[PDB]
>>> print(open('start28.pdb').read())   # PDB, N, CA and C atoms and all ligand atoms
ATOM      1  N   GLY A   1     -25.579   1.095-152.379
ATOM      2  CA  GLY A   1     -26.283   1.028-151.069
ATOM      3  C   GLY A   1     -27.231   2.188-150.848
ATOM      4  N   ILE A   2     -27.495   2.491-149.583
ATOM      5  CA  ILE A   2     -28.417   3.560-149.227
ATOM      6  C   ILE A   2     -27.707   4.902-149.368
ATOM      7  N   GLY A   3     -28.354   5.841-150.055
ATOM      8  CA  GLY A   3     -27.789   7.157-150.265
ATOM      9  C   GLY A   3     -28.806   8.283-150.261
ATOM     10  N   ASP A   4     -29.943   8.088-149.614
ATOM     11  CA  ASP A   4     -30.934   9.147-149.504
ATOM     12  C   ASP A   4     -31.613   9.037-148.148
ATOM     13  N   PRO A   5     -32.139  10.146-147.618
ATOM     14  CA  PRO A   5     -32.670  10.100-146.245
ATOM     15  C   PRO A   5     -33.971   9.331-146.125
ATOM     16  N   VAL A   6     -34.820   9.343-147.158
ATOM     17  CA  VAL A   6     -36.072   8.592-147.090
ATOM     18  C   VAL A   6     -35.788   7.102-146.948
ATOM     19  N   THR A   7     -34.966   6.552-147.847
ATOM     20  CA  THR A   7     -34.667   5.127-147.786
ATOM     21  C   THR A   7     -33.971   4.772-146.477
ATOM     22  N   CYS A   8     -33.097   5.651-145.992
ATOM     23  CA  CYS A   8     -32.395   5.381-144.744
ATOM     24  C   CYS A   8     -33.385   5.185-143.601
ATOM     25  N   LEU A   9     -34.276   6.153-143.406
ATOM     26  CA  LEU A   9     -35.220   6.073-142.297
ATOM     27  C   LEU A   9     -36.273   4.996-142.506
ATOM     28  N   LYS A  10     -36.534   4.604-143.752
ATOM     29  CA  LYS A  10     -37.462   3.512-144.018
ATOM     30  C   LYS A  10     -36.805   2.147-143.908
ATOM     31  N   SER A  11     -35.501   2.095-143.619
ATOM     32  CA  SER A  11     -34.772   0.842-143.471
ATOM     33  C   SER A  11     -34.385   0.573-142.020
ATOM     34  N   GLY A  12     -35.113   1.146-141.068
ATOM     35  CA  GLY A  12     -34.807   0.953-139.666
ATOM     36  C   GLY A  12     -33.538   1.628-139.208
ATOM     37  N   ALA A  13     -33.146   2.722-139.858
ATOM     38  CA  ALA A  13     -31.886   3.392-139.565
ATOM     39  C   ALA A  13     -32.137   4.871-139.304
ATOM     40  N   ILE A  14     -31.070   5.575-138.927
ATOM     41  CA  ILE A  14     -31.121   7.004-138.676
ATOM     42  C   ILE A  14     -30.055   7.702-139.506
ATOM     43  N   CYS A  15     -30.273   8.994-139.729
ATOM     44  CA  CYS A  15     -29.283   9.876-140.327
ATOM     45  C   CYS A  15     -28.532  10.597-139.218
ATOM     46  N   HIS A  16     -27.200  10.556-139.270
ATOM     47  CA  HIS A  16     -26.412  11.250-138.264
ATOM     48  C   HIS A  16     -25.261  12.007-138.913
ATOM     49  N   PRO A  17     -24.947  13.210-138.423
ATOM     50  CA  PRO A  17     -23.833  13.967-139.009
ATOM     51  C   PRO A  17     -22.484  13.423-138.574
ATOM     52  N   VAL A  18     -21.539  13.429-139.521
ATOM     53  CA  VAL A  18     -20.125  13.162-139.270
ATOM     54  C   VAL A  18     -19.867  11.681-139.035
ATOM     55  N   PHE A  19     -20.473  11.120-137.994
ATOM     56  CA  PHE A  19     -20.204   9.742-137.615
ATOM     57  C   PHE A  19     -21.478   9.114-137.074
ATOM     58  N   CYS A  20     -21.487   7.790-137.040
ATOM     59  CA  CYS A  20     -22.607   7.060-136.457
ATOM     60  C   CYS A  20     -22.430   6.972-134.941
ATOM     61  N   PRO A  21     -23.486   7.197-134.163
ATOM     62  CA  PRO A  21     -23.345   7.152-132.704
ATOM     63  C   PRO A  21     -23.040   5.743-132.216
ATOM     64  N   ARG A  22     -22.694   5.666-130.933
ATOM     65  CA  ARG A  22     -22.333   4.394-130.330
ATOM     66  C   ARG A  22     -23.457   3.383-130.504
ATOM     67  N   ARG A  23     -23.073   2.141-130.800
ATOM     68  CA  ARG A  23     -23.943   1.000-131.014
ATOM     69  C   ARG A  23     -24.543   0.998-132.417
ATOM     70  N   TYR A  24     -24.322   2.039-133.217
ATOM     71  CA  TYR A  24     -24.756   2.078-134.602
ATOM     72  C   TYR A  24     -23.582   1.769-135.521
ATOM     73  N   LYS A  25     -23.874   1.085-136.620
ATOM     74  CA  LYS A  25     -22.898   0.848-137.673
ATOM     75  C   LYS A  25     -23.352   1.552-138.943
ATOM     76  N   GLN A  26     -22.390   2.111-139.669
ATOM     77  CA  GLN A  26     -22.697   2.829-140.899
ATOM     78  C   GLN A  26     -23.098   1.844-141.985
ATOM     79  N   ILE A  27     -24.238   2.108-142.636
ATOM     80  CA  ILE A  27     -24.701   1.282-143.742
ATOM     81  C   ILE A  27     -24.889   2.086-145.028
ATOM     82  N   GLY A  28     -24.511   3.357-145.026
ATOM     83  CA  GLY A  28     -24.656   4.193-146.204
ATOM     84  C   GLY A  28     -24.611   5.659-145.811
ATOM     85  N   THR A  29     -25.193   6.490-146.672
ATOM     86  CA  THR A  29     -25.293   7.922-146.429
ATOM     87  C   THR A  29     -26.750   8.344-146.555
ATOM     88  N   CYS A  30     -27.051   9.556-146.086
ATOM     89  CA  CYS A  30     -28.381  10.129-146.245
ATOM     90  C   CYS A  30     -28.423  11.219-147.310
ATOM     91  N   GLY A  31     -27.397  11.300-148.154
ATOM     92  CA  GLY A  31     -27.364  12.281-149.217
ATOM     93  C   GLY A  31     -27.130  13.710-148.782
ATOM     94  N   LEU A  32     -27.153  13.997-147.495
ATOM     95  CA  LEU A  32     -26.855  15.337-147.019
ATOM     96  C   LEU A  32     -25.378  15.448-146.670
ATOM     97  N   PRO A  33     -24.817  16.664-146.700
ATOM     98  CA  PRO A  33     -23.380  16.819-146.444
ATOM     99  C   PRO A  33     -22.912  16.103-145.187
ATOM    100  N   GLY A  34     -21.924  15.222-145.337
ATOM    101  CA  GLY A  34     -21.300  14.567-144.204
ATOM    102  C   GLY A  34     -22.228  13.772-143.314
ATOM    103  N   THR A  35     -23.421  13.430-143.788
ATOM    104  CA  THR A  35     -24.392  12.702-142.981
ATOM    105  C   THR A  35     -24.345  11.226-143.349
ATOM    106  N   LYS A  36     -24.337  10.367-142.335
ATOM    107  CA  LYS A  36     -24.271   8.928-142.527
ATOM    108  C   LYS A  36     -25.610   8.285-142.185
ATOM    109  N   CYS A  37     -25.924   7.207-142.897
ATOM    110  CA  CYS A  37     -27.034   6.339-142.543
ATOM    111  C   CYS A  37     -26.524   5.254-141.601
ATOM    112  N   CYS A  38     -27.168   5.133-140.445
ATOM    113  CA  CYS A  38     -26.627   4.382-139.319
ATOM    114  C   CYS A  38     -27.695   3.462-138.751
ATOM    115  N   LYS A  39     -27.304   2.227-138.444
ATOM    116  CA  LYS A  39     -28.241   1.218-137.981
ATOM    117  C   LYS A  39     -27.581   0.339-136.932
ATOM    118  N   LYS A  40     -28.306   0.070-135.854
ATOM    119  CA  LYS A  40     -27.812  -0.864-134.844
ATOM    120  C   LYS A  40     -27.850  -2.282-135.404
ATOM    121  N   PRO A  41     -26.752  -3.051-135.313
ATOM    122  CA  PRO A  41     -26.778  -4.412-135.870
ATOM    123  C   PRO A  41     -27.872  -5.284-135.261
TER     124      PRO A  41
ATOM    125  N   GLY B   1     -31.733  22.850-120.612
ATOM    126  CA  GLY B   1     -31.762  21.542-121.328
ATOM    127  C   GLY B   1     -30.533  21.382-122.189
ATOM    128  N   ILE B   2     -30.419  20.234-122.853
ATOM    129  CA  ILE B   2     -29.273  19.980-123.713
ATOM    130  C   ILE B   2     -29.364  20.878-124.938
ATOM    131  N   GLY B   3     -28.266  21.559-125.249
ATOM    132  CA  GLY B   3     -28.238  22.472-126.368
ATOM    133  C   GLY B   3     -26.904  22.524-127.084
ATOM    134  N   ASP B   4     -26.145  21.437-127.044
ATOM    135  CA  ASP B   4     -24.900  21.357-127.793
ATOM    136  C   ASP B   4     -24.665  19.916-128.194
ATOM    137  N   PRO B   5     -23.896  19.670-129.259
ATOM    138  CA  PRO B   5     -23.697  18.287-129.716
ATOM    139  C   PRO B   5     -22.910  17.426-128.741
ATOM    140  N   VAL B   6     -21.948  18.001-128.014
ATOM    141  CA  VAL B   6     -21.123  17.202-127.110
ATOM    142  C   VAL B   6     -21.963  16.646-125.968
ATOM    143  N   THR B   7     -22.726  17.513-125.292
ATOM    144  CA  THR B   7     -23.533  17.046-124.173
ATOM    145  C   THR B   7     -24.615  16.085-124.644
ATOM    146  N   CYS B   8     -25.154  16.313-125.839
ATOM    147  CA  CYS B   8     -26.171  15.416-126.375
ATOM    148  C   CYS B   8     -25.628  14.001-126.509
ATOM    149  N   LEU B   9     -24.487  13.852-127.181
ATOM    150  CA  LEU B   9     -23.955  12.514-127.421
ATOM    151  C   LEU B   9     -23.413  11.888-126.139
ATOM    152  N   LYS B  10     -22.876  12.698-125.221
ATOM    153  CA  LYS B  10     -22.383  12.154-123.959
ATOM    154  C   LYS B  10     -23.500  11.795-122.994
ATOM    155  N   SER B  11     -24.744  12.155-123.306
ATOM    156  CA  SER B  11     -25.896  11.802-122.489
ATOM    157  C   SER B  11     -26.631  10.577-123.018
ATOM    158  N   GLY B  12     -26.056   9.872-123.988
ATOM    159  CA  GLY B  12     -26.696   8.715-124.570
ATOM    160  C   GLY B  12     -27.689   9.013-125.669
ATOM    161  N   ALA B  13     -27.680  10.222-126.218
ATOM    162  CA  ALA B  13     -28.623  10.637-127.246
ATOM    163  C   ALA B  13     -27.902  10.810-128.583
ATOM    164  N   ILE B  14     -28.668  11.205-129.596
ATOM    165  CA  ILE B  14     -28.171  11.399-130.951
ATOM    166  C   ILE B  14     -28.612  12.768-131.447
ATOM    167  N   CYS B  15     -27.828  13.329-132.362
ATOM    168  CA  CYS B  15     -28.135  14.606-133.005
ATOM    169  C   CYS B  15     -28.774  14.307-134.357
ATOM    170  N   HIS B  16     -30.104  14.343-134.412
ATOM    171  CA  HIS B  16     -30.733  13.961-135.679
ATOM    172  C   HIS B  16     -31.235  15.191-136.431
ATOM    173  N   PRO B  17     -31.021  15.272-137.745
ATOM    174  CA  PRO B  17     -31.488  16.450-138.483
ATOM    175  C   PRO B  17     -33.006  16.511-138.574
ATOM    176  N   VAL B  18     -33.533  17.732-138.470
ATOM    177  CA  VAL B  18     -34.936  18.038-138.733
ATOM    178  C   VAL B  18     -35.865  17.585-137.613
ATOM    179  N   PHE B  19     -35.881  16.292-137.310
ATOM    180  CA  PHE B  19     -36.803  15.762-136.316
ATOM    181  C   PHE B  19     -36.203  14.515-135.678
ATOM    182  N   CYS B  20     -36.812  14.084-134.574
ATOM    183  CA  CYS B  20     -36.357  12.871-133.902
ATOM    184  C   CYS B  20     -36.994  11.645-134.547
ATOM    185  N   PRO B  21     -36.211  10.633-134.922
ATOM    186  CA  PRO B  21     -36.801   9.470-135.591
ATOM    187  C   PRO B  21     -37.788   8.757-134.681
ATOM    188  N   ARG B  22     -38.585   7.891-135.298
ATOM    189  CA  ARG B  22     -39.578   7.119-134.565
ATOM    190  C   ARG B  22     -38.954   6.423-133.366
ATOM    191  N   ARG B  23     -39.649   6.497-132.226
ATOM    192  CA  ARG B  23     -39.291   5.851-130.955
ATOM    193  C   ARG B  23     -38.201   6.615-130.211
ATOM    194  N   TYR B  24     -37.836   7.806-130.679
ATOM    195  CA  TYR B  24     -36.920   8.689-129.976
ATOM    196  C   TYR B  24     -37.688   9.870-129.410
ATOM    197  N   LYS B  25     -37.362  10.243-128.177
ATOM    198  CA  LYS B  25     -37.915  11.435-127.558
ATOM    199  C   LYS B  25     -36.943  12.590-127.752
ATOM    200  N   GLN B  26     -37.471  13.726-128.186
ATOM    201  CA  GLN B  26     -36.688  14.948-128.250
ATOM    202  C   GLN B  26     -36.416  15.424-126.831
ATOM    203  N   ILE B  27     -35.140  15.633-126.496
ATOM    204  CA  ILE B  27     -34.765  16.162-125.190
ATOM    205  C   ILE B  27     -34.068  17.506-125.284
ATOM    206  N   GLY B  28     -33.905  18.039-126.482
ATOM    207  CA  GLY B  28     -33.301  19.342-126.686
ATOM    208  C   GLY B  28     -32.805  19.462-128.118
ATOM    209  N   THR B  29     -31.728  20.224-128.270
ATOM    210  CA  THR B  29     -31.091  20.444-129.555
ATOM    211  C   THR B  29     -29.602  20.141-129.425
ATOM    212  N   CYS B  30     -28.913  20.157-130.564
ATOM    213  CA  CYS B  30     -27.457  20.077-130.591
ATOM    214  C   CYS B  30     -26.843  21.425-130.964
ATOM    215  N   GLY B  31     -27.493  22.511-130.540
ATOM    216  CA  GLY B  31     -26.946  23.844-130.658
ATOM    217  C   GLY B  31     -27.122  24.504-132.004
ATOM    218  N   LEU B  32     -27.437  23.746-133.041
ATOM    219  CA  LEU B  32     -27.550  24.289-134.382
ATOM    220  C   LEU B  32     -28.996  24.251-134.850
ATOM    221  N   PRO B  33     -29.455  25.276-135.569
ATOM    222  CA  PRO B  33     -30.801  25.214-136.147
ATOM    223  C   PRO B  33     -30.992  23.940-136.952
ATOM    224  N   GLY B  34     -32.117  23.276-136.719
ATOM    225  CA  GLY B  34     -32.452  22.090-137.469
ATOM    226  C   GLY B  34     -31.851  20.807-136.955
ATOM    227  N   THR B  35     -31.246  20.826-135.776
ATOM    228  CA  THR B  35     -30.762  19.619-135.124
ATOM    229  C   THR B  35     -31.568  19.397-133.853
ATOM    230  N   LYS B  36     -32.045  18.174-133.669
ATOM    231  CA  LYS B  36     -32.698  17.762-132.439
ATOM    232  C   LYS B  36     -31.773  16.815-131.688
ATOM    233  N   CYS B  37     -31.762  16.927-130.367
ATOM    234  CA  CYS B  37     -31.120  15.928-129.521
ATOM    235  C   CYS B  37     -32.188  14.909-129.136
ATOM    236  N   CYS B  38     -31.981  13.659-129.526
ATOM    237  CA  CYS B  38     -33.008  12.628-129.470
ATOM    238  C   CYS B  38     -32.482  11.440-128.683
ATOM    239  N   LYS B  39     -33.251  10.997-127.694
ATOM    240  CA  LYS B  39     -32.844   9.896-126.835
ATOM    241  C   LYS B  39     -33.889   8.791-126.870
ATOM    242  N   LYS B  40     -33.410   7.560-126.955
ATOM    243  CA  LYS B  40     -34.281   6.394-126.953
ATOM    244  C   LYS B  40     -34.720   6.098-125.527
ATOM    245  N   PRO B  41     -36.029   6.098-125.226
ATOM    246  CA  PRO B  41     -36.431   5.784-123.849
ATOM    247  C   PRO B  41     -36.138   4.333-123.472
TER     248      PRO B  41
HETATM  249  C1  LIG A 101     -44.339  14.386-145.599
HETATM  250  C2  LIG A 101     -43.726  15.016-144.346
HETATM  251  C3  LIG A 101     -42.220  14.744-144.294
HETATM  252  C4  LIG A 101     -41.729  14.602-142.848
HETATM  253  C5  LIG A 101     -42.361  13.370-142.200
HETATM  254  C6  LIG A 101     -41.583  12.950-140.954
HETATM  255  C7  LIG A 101     -41.147  11.492-141.071
HETATM  256  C8  LIG A 101     -41.500  10.701-139.811
HETATM  257  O1  LIG A 101     -41.916  11.244-138.847
HETATM  258  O2  LIG A 101     -41.313   9.314-139.816
HETATM  259  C9  LIG A 101     -40.017   8.940-140.176
HETATM  260  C10 LIG A 101     -39.988   8.552-141.661
HETATM  261  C11 LIG A 101     -39.725   7.054-141.842
HETATM  262  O3  LIG A 101     -40.122   6.338-140.706
HETATM  263  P1  LIG A 101     -41.005   4.951-140.838
HETATM  264  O4  LIG A 101     -41.625   4.652-139.495
HETATM  265  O5  LIG A 101     -42.104   5.107-141.861
HETATM  266  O6  LIG A 101     -40.008   3.712-141.276
HETATM  267  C12 LIG A 101     -40.200   2.454-140.684
HETATM  268  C13 LIG A 101     -38.935   2.081-139.903
HETATM  269  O7  LIG A 101     -37.825   2.184-140.765
HETATM  270  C14 LIG A 101     -39.021   0.652-139.347
HETATM  271  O8  LIG A 101     -37.817   0.328-138.702
HETATM  272  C15 LIG A 101     -39.292  -0.362-140.466
HETATM  273  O9  LIG A 101     -39.426  -1.640-139.906
HETATM  274  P2  LIG A 101     -38.255  -2.762-140.211
HETATM  275  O10 LIG A 101     -36.984  -2.362-139.493
HETATM  276  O11 LIG A 101     -37.995  -2.840-141.698
HETATM  277  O12 LIG A 101     -38.720  -4.103-139.702
HETATM  278  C16 LIG A 101     -40.576  -0.002-141.228
HETATM  279  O13 LIG A 101     -40.738  -0.905-142.289
HETATM  280  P3  LIG A 101     -42.257  -1.415-142.673
HETATM  281  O14 LIG A 101     -42.823  -2.216-141.523
HETATM  282  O15 LIG A 101     -43.151  -0.228-142.940
HETATM  283  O16 LIG A 101     -42.194  -2.283-143.905
HETATM  284  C17 LIG A 101     -40.515   1.426-141.783
HETATM  285  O17 LIG A 101     -41.749   1.758-142.368
HETATM  286  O18 LIG A 101     -38.984   9.314-142.287
HETATM  287  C18 LIG A 101     -39.027   9.347-143.682
HETATM  288  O19 LIG A 101     -39.347   8.378-144.282
HETATM  289  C19 LIG A 101     -38.666  10.607-144.466
HETATM  290  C20 LIG A 101     -38.114  11.704-143.560
HETATM  291  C21 LIG A 101     -37.391  12.748-144.418
HETATM  292  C22 LIG A 101     -35.907  12.845-144.045
HETATM  293  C23 LIG A 101     -35.640  14.108-143.230
HETATM  294  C24 LIG A 101     -34.598  13.839-142.143
HETATM  295  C25 LIG A 101     -33.194  13.994-142.715
HETATM  296  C1  LIG A 102     -26.382  17.548-141.579
HETATM  297  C2  LIG A 102     -26.869  18.364-142.775
HETATM  298  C3  LIG A 102     -28.393  18.355-142.827
HETATM  299  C4  LIG A 102     -28.959  19.393-141.860
HETATM  300  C5  LIG A 102     -30.252  19.973-142.436
HETATM  301  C6  LIG A 102     -30.726  21.112-141.532
HETATM  302  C7  LIG A 102     -32.184  20.905-141.125
HETATM  303  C8  LIG A 102     -32.999  22.177-141.370
HETATM  304  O1  LIG A 102     -32.468  23.192-141.673
HETATM  305  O2  LIG A 102     -34.388  22.149-141.204
HETATM  306  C9  LIG A 102     -34.709  22.063-139.849
HETATM  307  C10 LIG A 102     -35.950  22.895-139.512
HETATM  308  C11 LIG A 102     -36.360  22.547-138.083
HETATM  309  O3  LIG A 102     -36.571  23.724-137.347
HETATM  310  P1  LIG A 102     -35.698  23.986-135.967
HETATM  311  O4  LIG A 102     -34.838  22.788-135.654
HETATM  312  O5  LIG A 102     -34.824  25.201-136.154
HETATM  313  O6  LIG A 102     -36.720  24.233-134.696
HETATM  314  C12 LIG A 102     -37.320  25.494-134.560
HETATM  315  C13 LIG A 102     -36.539  26.311-133.530
HETATM  316  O7  LIG A 102     -36.478  25.592-132.319
HETATM  317  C14 LIG A 102     -37.206  27.663-133.255
HETATM  318  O8  LIG A 102     -36.526  28.282-132.192
HETATM  319  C15 LIG A 102     -38.681  27.524-132.868
HETATM  320  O9  LIG A 102     -39.252  28.809-132.842
HETATM  321  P2  LIG A 102     -39.331  29.602-131.397
HETATM  322  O10 LIG A 102     -37.978  29.597-130.727
HETATM  323  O11 LIG A 102     -40.324  28.905-130.501
HETATM  324  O12 LIG A 102     -39.779  31.024-131.637
HETATM  325  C16 LIG A 102     -39.465  26.649-133.850
HETATM  326  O13 LIG A 102     -40.727  26.396-133.285
HETATM  327  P3  LIG A 102     -42.039  26.240-134.268
HETATM  328  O14 LIG A 102     -41.933  27.190-135.438
HETATM  329  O15 LIG A 102     -42.123  24.826-134.777
HETATM  330  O16 LIG A 102     -43.274  26.574-133.465
HETATM  331  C17 LIG A 102     -38.780  25.308-134.120
HETATM  332  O17 LIG A 102     -39.470  24.623-135.135
HETATM  333  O18 LIG A 102     -36.897  22.578-140.482
HETATM  334  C18 LIG A 102     -38.242  22.764-140.159
HETATM  335  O19 LIG A 102     -38.569  23.715-139.539
HETATM  336  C19 LIG A 102     -39.284  21.736-140.598
HETATM  337  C20 LIG A 102     -38.742  20.756-141.648
HETATM  338  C21 LIG A 102     -37.853  21.426-142.698
HETATM  339  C22 LIG A 102     -38.185  20.908-144.099
HETATM  340  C23 LIG A 102     -37.697  19.470-144.278
HETATM  341  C24 LIG A 102     -38.860  18.574-144.705
HETATM  342  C25 LIG A 102     -38.319  17.310-145.375
END
>>> encode(input="start28.pdb", output="structure tokens")
Amino acid sequence: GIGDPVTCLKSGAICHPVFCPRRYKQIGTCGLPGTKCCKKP
Amino acid sequence: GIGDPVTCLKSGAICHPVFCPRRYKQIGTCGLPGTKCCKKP
């Protein structure tokens, strides 16, 4: 899946530390420590 | 303004690294260098 910050932000998603914020679901990582790639369904 | 991660997330915003993603307004920081508190208008 997604594991780098460029692809994450180019896929309609955001990078967030630790956990994905409310209304976002985790779809991968952004390659940075403890950072998740997060997207609203 | 908002300057800690708790108040940022409890205000309906996100702590995004480096910059606020497209369509998010920066409303402060999450207390750490390189974190922006970003809220969707
Ligand atoms: C060169 C300067 C570098 C800084 C530039 C600052 C970057 C900046 O200000 O814009 C954000 C940008 C991506 O945002 P960008 O708007 O381009 O991405 C679009 C967005 O994902 C849309 O949701 C997509 O539409 P859809 O949902 O598919 O329908 C759209 O697809 P398409 O319509 O185009 O096909 C995407 O293009 O981020 C980075 O890529 C790398 C950041 C590095 C990560 C750092 C953060 C950890
Ligand atoms: C979760 C793990 C990941 C976390 C990663 C951690 C992220 C990371 O470490 O970088 C964030 C940092 C952002 O800077 P940062 O959030 O600290 O914001 C600066 C800070 O507010 C200073 O106080 C300001 O100076 P002053 O008070 O007014 O005197 C300064 O104003 P100015 O100087 O702008 O005028 C602000 O920029 O990076 C960059 O600068 C540009 C892109 C960096 C390169 C990246 C490009 C891809």
>>> residues_around(input="start28.pdb", residues="residue 26 in chain B", least_positions_apart="4", cutoff="6 Å", atoms="only N, CA and C atoms", output="number ranges by chain")
B: 20, 37-39
>>> write_last_selection(input="start28.pdb", atoms="N, CA and C atoms", output="mmCIF file, in the coordinates of the input")
data_model
loop_
_atom_site.group_PDB
_atom_site.id
_atom_site.type_symbol
_atom_site.label_atom_id
_atom_site.label_comp_id
_atom_site.auth_asym_id
_atom_site.auth_seq_id
_atom_site.Cartn_x
_atom_site.Cartn_y
_atom_site.Cartn_z
ATOM 1 N N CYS B 20 -36.812 14.084 -134.574
ATOM 2 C CA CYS B 20 -36.357 12.871 -133.902
ATOM 3 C C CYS B 20 -36.994 11.645 -134.547
ATOM 4 N N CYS B 37 -31.762 16.927 -130.367
ATOM 5 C CA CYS B 37 -31.120 15.928 -129.521
ATOM 6 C C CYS B 37 -32.188 14.909 -129.136
ATOM 7 N N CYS B 38 -31.981 13.659 -129.526
ATOM 8 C CA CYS B 38 -33.008 12.628 -129.470
ATOM 9 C C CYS B 38 -32.482 11.440 -128.683
ATOM 10 N N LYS B 39 -33.251 10.997 -127.694
ATOM 11 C CA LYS B 39 -32.844 9.896 -126.835
ATOM 12 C C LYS B 39 -33.889 8.791 -126.870
#
>>> resolve_selection(input="start28.pdb", expression="the PyMOL selection byres (((not hetatm) and name CA) within 7 of (chain A and resi 102))", output="list in words")
residues 17, 32, 33, 34 and 35 of chain A; 17, 18, 33, 34, 35 and 36 of chain B
>>> residues_near_ligand(input="start28.pdb", ligand="ligand LIG 101 (chain A)", cutoff="9 Å", atoms="only C-alpha atoms and all ligand atoms", output="list in words")
residues 4, 5, 6, 7, 8, 9, 10, 11, 12, 13, 14, 15, 16, 30, 31, 32 and 35 of chain A; 16, 17, 18, 19, 20, 21, 22 and 23 of chain B
>>> atom_distance(input="start28.pdb", atom1="CA of residue 2 in chain A", atom2="CA of residue 40 in chain B")
23.2 Å
>>> resolve_selection(input="start28.pdb", expression="the PyMOL selection byres (((chain A and resi 1 and name CA) around 8) and not hetatm and name CA)", output="PyMOL selection string")
chain A and resi 2-3+27-28
>>> write_last_selection(input="start28.pdb", atoms="N, CA and C atoms", output="tab-separated table (two decimals), in the frame of the given file")
chain	number	residue	atom	x	y	z
A	2	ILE	N	-27.50	2.49	-149.58
A	2	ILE	CA	-28.42	3.56	-149.23
A	2	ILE	C	-27.71	4.90	-149.37
A	3	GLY	N	-28.35	5.84	-150.06
A	3	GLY	CA	-27.79	7.16	-150.26
A	3	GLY	C	-28.81	8.28	-150.26
A	27	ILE	N	-24.24	2.11	-142.64
A	27	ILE	CA	-24.70	1.28	-143.74
A	27	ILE	C	-24.89	2.09	-145.03
A	28	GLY	N	-24.51	3.36	-145.03
A	28	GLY	CA	-24.66	4.19	-146.20
A	28	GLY	C	-24.61	5.66	-145.81
>>> atom_distance(input="start28.pdb", atom1="atom N of residue 25 in chain A", atom2="CA of residue 41 in chain A")
6.3 Å
>>> select_by_dssp(input="start28.pdb", residues="chain A", states="alpha helix (DSSP H)", output="number ranges by chain")
A: 5-9
>>> write_last_selection(input="start28.pdb", atoms="N, CA and C atoms", output="PDB file, keeping the file's coordinate frame")
ATOM      1  N   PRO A   5     -32.139  10.146-147.618  1.00  0.00           N
ATOM      2  CA  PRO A   5     -32.670  10.100-146.245  1.00  0.00           C
ATOM      3  C   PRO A   5     -33.971   9.331-146.125  1.00  0.00           C
ATOM      4  N   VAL A   6     -34.820   9.343-147.158  1.00  0.00           N
ATOM      5  CA  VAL A   6     -36.072   8.592-147.090  1.00  0.00           C
ATOM      6  C   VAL A   6     -35.788   7.102-146.948  1.00  0.00           C
ATOM      7  N   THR A   7     -34.966   6.552-147.847  1.00  0.00           N
ATOM      8  CA  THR A   7     -34.667   5.127-147.786  1.00  0.00           C
ATOM      9  C   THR A   7     -33.971   4.772-146.477  1.00  0.00           C
ATOM     10  N   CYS A   8     -33.097   5.651-145.992  1.00  0.00           N
ATOM     11  CA  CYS A   8     -32.395   5.381-144.744  1.00  0.00           C
ATOM     12  C   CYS A   8     -33.385   5.185-143.601  1.00  0.00           C
ATOM     13  N   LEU A   9     -34.276   6.153-143.406  1.00  0.00           N
ATOM     14  CA  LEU A   9     -35.220   6.073-142.297  1.00  0.00           C
ATOM     15  C   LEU A   9     -36.273   4.996-142.506  1.00  0.00           C
TER      16      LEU A   9
END
>>> axis_aligned_box(input="start28.pdb", around="range 17-36 of chain A", padding_each_side="6 Å", output="lines of an AutoDock Vina configuration file")
center_x = -24.1
center_y = 8.8
center_z = -139.8
size_x = 20.6
size_y = 28.0
size_z = 30.9
>>> select_by_dssp(input="start28.pdb", residues="chain B", states="strand (DSSP E)", output="list in words")
residues 2, 3, 14, 15, 16, 17, 25, 26, 27, 28, 29, 35, 36, 37, 38 and 39 of chain B
>>> write_last_selection(input="start28.pdb", atoms="N, CA and C atoms", output="compact mmCIF listing (two decimals), in the coordinates of the input")
# COMPACT_ATOMS: atom_id res chain seq x y z
N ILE B 2 -30.42 20.23 -122.85
CA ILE B 2 -29.27 19.98 -123.71
C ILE B 2 -29.36 20.88 -124.94
N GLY B 3 -28.27 21.56 -125.25
CA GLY B 3 -28.24 22.47 -126.37
C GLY B 3 -26.90 22.52 -127.08
N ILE B 14 -28.67 11.20 -129.60
CA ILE B 14 -28.17 11.40 -130.95
C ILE B 14 -28.61 12.77 -131.45
N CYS B 15 -27.83 13.33 -132.36
CA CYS B 15 -28.14 14.61 -133.00
C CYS B 15 -28.77 14.31 -134.36
N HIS B 16 -30.10 14.34 -134.41
CA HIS B 16 -30.73 13.96 -135.68
C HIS B 16 -31.24 15.19 -136.43
N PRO B 17 -31.02 15.27 -137.74
CA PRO B 17 -31.49 16.45 -138.48
C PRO B 17 -33.01 16.51 -138.57
N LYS B 25 -37.36 10.24 -128.18
CA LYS B 25 -37.92 11.44 -127.56
C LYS B 25 -36.94 12.59 -127.75
N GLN B 26 -37.47 13.73 -128.19
CA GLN B 26 -36.69 14.95 -128.25
C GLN B 26 -36.42 15.42 -126.83
N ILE B 27 -35.14 15.63 -126.50
CA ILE B 27 -34.76 16.16 -125.19
C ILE B 27 -34.07 17.51 -125.28
N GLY B 28 -33.90 18.04 -126.48
CA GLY B 28 -33.30 19.34 -126.69
C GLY B 28 -32.80 19.46 -128.12
N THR B 29 -31.73 20.22 -128.27
CA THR B 29 -31.09 20.44 -129.56
C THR B 29 -29.60 20.14 -129.43
N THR B 35 -31.25 20.83 -135.78
CA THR B 35 -30.76 19.62 -135.12
C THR B 35 -31.57 19.40 -133.85
N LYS B 36 -32.04 18.17 -133.67
CA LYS B 36 -32.70 17.76 -132.44
C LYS B 36 -31.77 16.82 -131.69
N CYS B 37 -31.76 16.93 -130.37
CA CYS B 37 -31.12 15.93 -129.52
C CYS B 37 -32.19 14.91 -129.14
N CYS B 38 -31.98 13.66 -129.53
CA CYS B 38 -33.01 12.63 -129.47
C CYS B 38 -32.48 11.44 -128.68
N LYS B 39 -33.25 11.00 -127.69
CA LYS B 39 -32.84 9.90 -126.84
C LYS B 39 -33.89 8.79 -126.87
